[PDB]
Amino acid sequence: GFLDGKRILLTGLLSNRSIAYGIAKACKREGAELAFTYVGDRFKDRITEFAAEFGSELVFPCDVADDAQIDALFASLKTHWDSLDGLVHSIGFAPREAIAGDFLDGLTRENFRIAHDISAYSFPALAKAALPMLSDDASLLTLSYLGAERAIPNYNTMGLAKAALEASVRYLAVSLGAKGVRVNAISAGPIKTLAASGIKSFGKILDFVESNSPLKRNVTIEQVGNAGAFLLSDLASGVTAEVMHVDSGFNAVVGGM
């Protein structure tokens, strides 16, 4: 496959509906060797089962709020892998208050801090901690959403954090690019995952994108996964600092009128 030989670390695989699950499945199909992170002891058994499905026993804890766990992740990983070819950052979090209702009602200094720390800072933080073991043709991928670009109701503080995340893709690309490392994001359309499940208005967004996107259909983790595998691969060696929409074209219309 077009990732033969490539060693790829994936964060964010929480259930079999996770975007990271789709990316894992496509990377394994194309020949990559995988490793996984998880957060919290109670998920160790579950992520171990997913790793095994993808032919791997490489699982490591990493809460990206914690500098020591980010350093320990790569210290552990390096006892197995000489080098790392791919990193998938599929991590987002804001306190519930901050993505419900009115933007200002949910705004506090701490809600802002936490949303930007986990959803944006953690991507270049993982990149920096990985760099000593990154291969020269490595590829780093994160997941963003259209709320970075345009204001979407309720996304609120997460939209600010995703805009900072997309900017980090560009500054990472410059930092890491003379070495040869590529950095990109997929701006994925709405997909019913665990994270999406806490958003009251999510059903309405899904209906709206189905009715108004050019392809008149919502995207799947298989579609996001295949685009992810492409970006992580040498097929995409001309592509860096890009935010690729995988959203049935929804970003490119004015819908619903």
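Here the rigid core means the biggest group of C-alpha atoms that line up within 1.5 Å when the two forms are laid on top of each other. Counting begins at 1, following the sequence as shown.
> Of the stretches 50-58 and 186-194, which sits farther from where it is here in 8 other deposited structures of this protein, on average over its Cα atoms, after fitting the core?
Replying inline: Stretch with the larger root mean square C-alpha distance in 8 other deposited structures of this protein: 186-194.
>> I'd like to know which segment deviates more from the shown structure in 8 other deposited structures of this protein: 210-218 or 196-204, using C-alpha RMS over all structures and residues after a core fit.
In response: Between 210-218 and 196-204, the one lying farther away in 8 other deposited structures of this protein is 196-204.
>> Tell me which stretch has the larger mean Cα B-factor in this entry, 134-142 or 181-189.
In response: Looking at the recorded C-alpha B-factors, 134-142 comes out higher on average.
> If you average the CA temperature factors over each stretch, which comes out higher, 33-41 or 213-221?
Replying inline: So the stretch with the higher mean C-alpha B-factor is 33-41.
> According to the deposited entry, which of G92, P124, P153, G159 has the largest Cα B-factor?
Replying inline: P153 has the highest C-alpha B-factor of those listed.
>> Can you tell me which of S248, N16, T240, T11 has the maximum CA B-factor listed in the PDB entry?
In response: Among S248, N16, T240, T11, the PDB entry lists the largest C-alpha B-factor for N16.
>> Considering every modelled residue of the chain and its Cα B-factor in the PDB entry, is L235 in the lowest, middle or highest third?
In response: Middle third of the chain for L235's C-alpha B-factor.
> Among the chain's modelled residues, which third holds the C-alpha B-factor of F74?
Replying inline: Within its chain, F74 is a middle-third residue by C-alpha B-factor, going by the deposited values.
> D82: which third of its chain by C-alpha temperature factor?
Replying inline: Ranked within chain, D82 CA B lands in the highest tercile.
>> Quick check for you: using the entry's CA B-factors within this chain, is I199 in the lowest, middle or highest third?
In response: CA B-factor rank for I199: highest third.
> In terms of the chain's CA B-factor thirds, is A20 lowest, middle or highest?
Replying inline: It belongs to the middle third of the chain when residues are ordered by C-alpha B-factor.
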